[PDB]
């Protein structure tokens, strides 16, 4: 029985008895106590559980950064992968990330349940493209639902990054 080793916000995780059936969302919320990442559907559709994943791409040099749905990612696929959650990019206790700060001051968050995933979708874009186009910004959120805002204020807060 081999050890599964990954990172969550820069911190090594050694899981000595990984269960194949454990999703990453379950593991963050209930083993690691990191509950900013939300459950909205458990099926890939809403984005509430959006995280960033990083890994060394052996075929391209490059560490690559991309977004995933924590609700569908088996932790057993994540050996030597680095996970970044909403609590890994900033906090009110320390310093907010610009993504977090903008969505909040722009009236992009009402109930707030979708806000962590939208933040991590936006954060991922910017890790790949620090000067996105307005187009790239809108397409960043294809996988993220919000029931509250009607979307205008979110996209508007974020065009400041373009």
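Positions refer to the first chain, counted from 1.
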Pick between 51-59 and 121-129: the one whose mean CA B-factor in the entry is higher.
51-59
Looking only at C-alpha temperature factors in the entry, 67-75 or 88-96, the higher average sits in 88-96
From the entry's CA B-factor values, the highest among 46, 32, 26, 137 is 137
Residue 107: C-alpha B-factor third of its chain, per the entry, is the middle
Could you place residue 154 in the lowest, middle or highest third of its chain by Cα temperature factor, using the values in the record?
middle
By the recorded C-alpha temperature factor, relative to the other modelled residues in its chain, which third is residue 142 in?
middle
